[PDB]
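This document starts with one chain, in the form deposited in one PDB entry, laid out as structure tokens.
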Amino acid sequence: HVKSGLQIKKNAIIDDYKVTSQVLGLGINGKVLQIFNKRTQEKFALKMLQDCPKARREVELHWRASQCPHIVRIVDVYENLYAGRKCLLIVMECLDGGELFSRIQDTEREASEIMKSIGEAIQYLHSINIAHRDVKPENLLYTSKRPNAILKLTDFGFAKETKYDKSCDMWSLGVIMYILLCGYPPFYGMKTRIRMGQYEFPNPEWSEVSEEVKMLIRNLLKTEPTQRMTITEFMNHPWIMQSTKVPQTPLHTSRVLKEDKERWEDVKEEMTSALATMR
């Protein structure tokens, strides 16, 4: 029950990790990086922030959430002086496995087992009154390249300690589900179609998909936030709850995600701004 509180180290991060000026210079510009622990040799991830209230918020929330088996663990946080400018250097577990959809790009039950995982990340956050507000393809990473890797939620730049915010996380869940089951997002102006909730479940991709499953997506994508299901109701849905009573039925996802790649950069982009719009 009792876990340690957050301790910001003030020694030069380069005492503890191999990091170079080149791999530091790319950091101040948002990118997260490959670093190595000197004592153990293990691989970790570095993310660099300029110290400021926003950065302190992120670190704080992320530390609080690290506990979850389904959220990237903060391992250390440093407060250093970089080129005469205060910085927060965040050290994280390394996620070799790449982004959720990049994997698939290589089964209904597999789709469900994934959503249950993203589901736990959200339940944990919501239990401790945090809303993530940027749950999307590139914040879902697999620990390693093994078939059995754990999928983890990352990036708390927009997380917010509290509901409208929470329902934003549920909407993402709907969108990630839709794509998982077919390989393309819903709402196929864009802004208008989202406002209007204008999506469908096209054959062929959706012909042998349970009405129960569609109803589920339908609840998550509700245009009126107070109408969406909550994480608890999501997590108690049969499709999610018993992820091993769900039919091994094949999905067009992997093929579609392969042919229709090149659009992938555009859907990552649309979803990022949809999210930006609901914040």
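Residues that one form lacks are left out of the comparison. Residue numbers here begin at 1 and follow the sequence given. For the two forms, the rigid core is made up of the largest set of C-alpha atoms that agree within 1.5 Å on superposition.
Compared with other entries of the same protein, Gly197 falls outside the group left without coordinates by a third of them; all model it where both flanks are modelled.
In the deposited sequence, the stretch from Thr162 to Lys163 hides 10 or more residues that have no coordinates. According to the PDB entry, the deposited sequence contains 4 to 9 residues between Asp106 and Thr107 that lack coordinates. Stretches compared: 44-52, 239-247. Higher mean C-alpha B-factor in the entry: 239-247. Stretches 257-265 and 12-20 differ in mean CA B factor, with 257-265 having the higher one. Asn80: CA B factor in the lowest third of modelled residues in this chain (values from the PDB entry).
When the modelled residues of the chain are ordered by their C-alpha B factor, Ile231 lands in the lowest third.
In the PDB entry, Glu60 places in the middle third of its chain by CA B-factor. When the modelled residues of the chain are ordered by their C-alpha B factor, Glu113 lands in the middle third. In the deposited entry, the Cα temperature factor of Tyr142 sits in the middle third of values across the chain's modelled residues.
FYI, the form deposited in another entry isn't displayed, but the following is about it.
Relative to the superposed core, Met241 shifts its CA atom by less than 2 Å between the shown form and the other one. In a rigid-core overlay of the protein, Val23 has its C-alpha displaced by at least 2 Å between the shown form and the other one.
By 3 Å or more, the C-alpha separation between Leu88 and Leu24 grows in the other entry relative to the form shown here. If you compare C-alpha positions, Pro53 and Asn29 are 3 angstroms or more closer together in the other entry than in the form on display. In sequence order, 20-30 is the sole run of at least 3 consecutive residues whose Cα positions differ by 2 Å or more between the shown form and the other one once the rigid core is superposed.
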